[PDB]
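# Observations on the model geometry
If you want the building blocks of each chain, they are given just below.
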Amino acid sequence: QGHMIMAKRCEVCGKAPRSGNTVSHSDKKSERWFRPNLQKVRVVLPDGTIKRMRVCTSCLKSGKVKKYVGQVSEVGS
């Protein structure tokens, strides 16, 4: 393999979701289930719109993205 380049990655920074080892709690949510290491977080667009985008945990942790707050985890760190 290696020629099949159709993969799901961060639509914000382009990097792939290479870290999804974190068990969350109190979610029990399902937006067509969860993606492999990818959390679609509902963010706000500067054009005045709300969009679900696939964001990598790296970007989620760095929090340097245009966000509408889509993280309700009860643990700080």
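Residues numbered from 1 in each chain as written, not as in the entry; some residues may be left out. Heavy atoms only, no water.

## Observations regarding the overall build of the protein chain
Condition: Helix and strand definitions follow DSSP, with helices as H or I runs of at least four residues and strands as E runs of at least two, each counted in order from the N terminus. Partly exposed residues are those whose accessible area sits between 20% and 50% of the maximum for their type, while under 20% is buried and over 50% is exposed, using a 1.4 Å probe and protein chains only. By definition in these notes, contact holds between two residues if any of their heavy atoms fall within 4.5 Å. To measure how exposed things are, a 1.4 Å probe is used in the Shrake-Rupley method; for residues, cover is taken only from the protein chains shown. Neither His nor the chain termini are counted; the positive set is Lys and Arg, and the negative set is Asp and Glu. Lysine's charge is taken at NZ, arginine's at CZ, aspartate's at CG and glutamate's at CD.
A count of helices and strands for the protein chain gives 1 helix and 2 strands. Tracing the protein chain from N to C terminus, the helices and strands come up as β-β-α. For the protein chain, the C-alpha atoms occupy an extent of roughly 40 × 35 × 25 Å along the three principal directions. Looking at the protein chain as a whole, 13% of its 77 residues are labelled buried. Taking contacts inside the protein chain between residues at least 6 apart in sequence as the whole, the part at least 24 apart equals 40%. Counting only carbon and sulfur atoms, one obtains 52% of the accessible surface of the protein chain, whose full area is about 7000 Å². A distance of 7 Å separates the average location of the 17 positive side-chain charges in the protein chain from that of its 5 negative side-chain charges.

## Some details on the nonpolar core
Cut-off, in case you're wondering: Throughout, nonpolar core names a set of buried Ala, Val, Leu, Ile, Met, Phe, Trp, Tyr and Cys residues whose side chains join them through atoms within 4.5 Å.
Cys10, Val41, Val43, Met53, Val55, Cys56, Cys59 and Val65 together form the largest nonpolar core, which totals 8 residues. At the level of elements, β1 (38-45) and β2 (49-56) are the ones that each hand at least two residues to this core. When residues of this core are assigned to their parent elements, the largest contribution, 3 residues, is made by β2.

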